[PDB]
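Contents: one structure, followed by commentary.
Atom set for the values below is all heavy atoms of this structure, side chains included, hydrogens, waters and symmetry mates excluded. Whatever order the structure lists them in is the order used to number ligands and atoms, beginning at 1. Residue numbers count from 1 along this sequence.
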Amino acid sequence: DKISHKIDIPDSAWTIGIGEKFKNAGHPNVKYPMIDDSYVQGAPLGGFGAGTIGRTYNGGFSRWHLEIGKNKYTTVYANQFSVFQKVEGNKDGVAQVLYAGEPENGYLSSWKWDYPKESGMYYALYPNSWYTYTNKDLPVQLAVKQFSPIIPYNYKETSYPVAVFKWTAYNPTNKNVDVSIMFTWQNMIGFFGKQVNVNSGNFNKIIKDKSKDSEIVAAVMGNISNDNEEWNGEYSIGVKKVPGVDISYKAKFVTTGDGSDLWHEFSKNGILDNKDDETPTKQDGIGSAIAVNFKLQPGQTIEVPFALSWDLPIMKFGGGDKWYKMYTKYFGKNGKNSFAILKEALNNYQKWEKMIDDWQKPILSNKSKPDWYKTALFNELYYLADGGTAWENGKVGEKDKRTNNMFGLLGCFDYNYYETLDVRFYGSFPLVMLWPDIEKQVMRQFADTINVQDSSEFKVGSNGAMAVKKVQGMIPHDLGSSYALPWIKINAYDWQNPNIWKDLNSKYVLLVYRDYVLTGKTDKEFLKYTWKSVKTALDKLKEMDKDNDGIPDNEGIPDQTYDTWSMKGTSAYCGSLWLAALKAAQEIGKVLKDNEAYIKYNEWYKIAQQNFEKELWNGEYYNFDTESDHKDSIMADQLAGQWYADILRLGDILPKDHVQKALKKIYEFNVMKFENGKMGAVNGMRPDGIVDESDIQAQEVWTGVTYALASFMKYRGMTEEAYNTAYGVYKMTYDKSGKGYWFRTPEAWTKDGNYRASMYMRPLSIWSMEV
Ligand SMILES: OC[C@H]1O[C@@H](O[C@H]2[C@H](O)[C@@H](O)[C@H](O[C@H]3[C@H](O)[C@@H](O)[C@H](O[C@H]4[C@H](O)[C@@H](O)[C@H](O)O[C@@H]4CO)O[C@@H]3CO)O[C@@H]2CO)[C@H](O)[C@@H](O)[C@@H]1O
Ligand SMILES: [Ca+2]
């Protein structure tokens, strides 16, 4: 490895060998069908709301999130980088696809597949990833840095459907070597969203854009139709000329063929035919190729940038609504703008790299934090782009343009609900901290739903009872499903009835006040906007107190985020959330000078606090609840309200001494007596130190609950416990001794390491550790 020295990969990047097999991968632990795409994954490319593309550590473009809200894992084999190398004075060169694998059928059989093992490495520190190629048969060593411009406090470039591939080539040998790097891409119009005639009308054109000191050559892969539909638009790949490289191209090769139309050119001398051909295809798949060729002298280094863009302006959901994606604000809505996007990337990628470095450097340069923590902190952010992220710039056919751009991030793909609020309580830390204008827009979207009534009915999955879809004054579970109508039909979730949940209204209030505090305690307008909904939310939750202790009663069913685990009476979890929400509402009361609300919630608070303490404090920790069979279970998340109170600077809702004892107990039991403290915090443990078997969820570690708990321990000075707790989640996700969940962190695992719900929003809570 002579190439690593020539580039700058951070030590905290996650690493794996190109072509590495992983032996101990986990699988779903439920009996119903559940996504399991394998451990062959990588950091995604693409902006927020753009559709994302998962290029894996093996090199393949395989995890397709271009259909917003869907996850489609299939390798499009034509999509590759390939290399040609010939030593000066040799008869022939070698040509190799940089993909550790091969097609399943006979298409592209002429290409050289199966990039060998132990010949290069993949590195990721989101939004960057790298590959290095260190192959005994490639005398010139190569590396690529690939990224999209995902940049905190930037809502523009962060939306772009673009990726940059910055290549570095270095010749450590004593002879001149001729080198070519070729990008191939299938015209993927019709890959989704098109019913019939799926390749028909696809065509490819070549753009050559020359100004002084800027030459760009690109392929634009579109369709002859000018229809404005979800399926139609353009892909582009291209390259920017640098000194000492020549560009060649091929407009049209057949992907549903042996590939020799392209490969017979590339494998001769690494130079393509420069043959333009806009002839549209009918049945056959087609693709384009862009190549650079250069001679490297001994000791010489060369850098060349490629890019990929995709202008697919319309997203369609299952309920029938069609929306424009966010980036259309910057480039247009007609689906004929892929070249503009690509050019902007090729001309500005160096600025974008520095903007990324500028936001990563304060964390990376902090020598008090271990590398593993930096690995997790940055790489968990993959989900912001990969979580089916929807970001609208108008409804298709909309008359009056609106001021705001609605946003949604999925809870996950198996439970396909937008902004699942009981989950976003944990998972939304990166948005409030790094993209606060998005965070505030989402919370306003929730404010707007408080008094919505929808008397249409649904069957509650867990019991078979019919229930009302949306009750006035109850915050919704979610803002819809990508299978139905995001932002329009709320409460797509139906396993339980969210209108009787005891955590949603509380969590909503805590999120509102969190978003004011963590953006500098200045946004009174935001508190103004949300105030009526906050009062309504708390007032409705108060009505669910049935024995007048001042606290909502859990109803002996799962009526909160732990939606198969029954709570009954006053629970530590919903009880502490209630207390904190009440105290947050007092403070909003003072800021907005609503002394009536202040007095009201202050008296509710003092009564509930006294009773919470009496009912649940047992001398060592807070009991699970007052009325369940396993009421004395030690719950990892028992003091979630106080966790948030620390972040919101609300002081102590429970006594310092009791919180410390409770946290030490949780570490001693839920962490250290669960698989020797190496897998996070199990949710429920019996006081005899055996895991609570009342429900599956009690026997699960929740990744986002565990990272949040680590945050809580950290604010309370339990530094070792905090990082030891979080480390188990890191280890299971990323480490060789884990279960292979990189770039698909799940909700949960059980003691055997098998998982539930990969690609999950909750573990974004790791960012609470940076408050
Ligand atoms: O929806 C999000 C929610 O999901 C919870 O998980 C649920 C699944 O969503 C649901 O599909 C699953 O349904 C099971 C059910 O539990 C079983 O009891 C049932 O068993 C059948 C059996 O297969 C039949 O042979 C027999 O005729 O009837 C029995 C009884 O109905 O099978 C269905 C379908 O697989 O239940 C899951 C929970 O156990 C998550 O737990 C939750 O966290 C999510 O929010
Ligand atoms: Ca009560």
Determine if the distance from [atom] to the closest protein heavy atom is below 4.0 Å.
| atom | value |
| --- | --- |
| atom 42 (C) of ligand 1 | yes |
| atom 31 (O) of ligand 1 | no |
| atom 2 (C) of ligand 1 | yes |
| atom 25 (O) of ligand 1 | no |

Are [X] and [Y] ion-paired here, with the side-chain N under 4.0 Å from a carboxylate O?
| X | Y | value |
| --- | --- | --- |
| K568 | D553 | no |
| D515 | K440 | no |
| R756 | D414 | no |
| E230 | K322 | no |

Name of whichever N/O/S atom of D547 is nearest to the Ca ion (ligand 2):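 Atom name returned: OD1.
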
Name, closest N/O/S atom of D549 to the Ca ion (ligand 2):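 Going through the N, O and S atoms of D549 one by one, OD1 ends up nearest to the Ca ion (ligand 2).
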
Cation over ring, [X] on [Y], under 6.0 Å and within 45°?
| X | Y | value |
| --- | --- | --- |
| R63 | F743 | no |
| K673 | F669 | yes |
| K631 | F624 | no |

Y622 vs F612, ring-ring contact (aromatic ring centres under 6.0 Å, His included): CA-CA, chis, key distance, verdict: CA-CA 9 Å; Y622 291 85; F612 180 95; 5.5 Å; yes

Option of least heavy-atom distance to atom 38 (C) of ligand 1 (set: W495, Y562, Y493, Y415):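 Looking at heavy atoms only, the winner is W495.
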
N, O or S from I551 under 3.0 Å to the Ca ion (ligand 2):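 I551 does place an N, O or S atom closer than 3.0 Å to the Ca ion (ligand 2).
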
Numbered atoms of ligand 1 (with element) below 4.0 Å of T564, judged on heavy atoms: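 Counting atoms of ligand 1 from 1, those under 4.0 Å from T564 are 41 (O).
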
Interfacing atoms of ligand 1 (cut-off 4.0 Å, heavy-atom, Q697):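 Once the distances to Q697 are compared, the set is 43 (O).
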
Three-point angle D553:OD1, the Ca ion (ligand 2), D545:OD1, rounded to the nearest 10°: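 The OD1/OD1 angle about the Ca ion (ligand 2) sits at 90°.
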
Ligand 1 to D563 polar contact by distance, N or O atoms, under 3.5 Å: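 Yes; the residue has a nitrogen or oxygen that sits under 3.5 Å from a nitrogen or oxygen of the ligand.
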
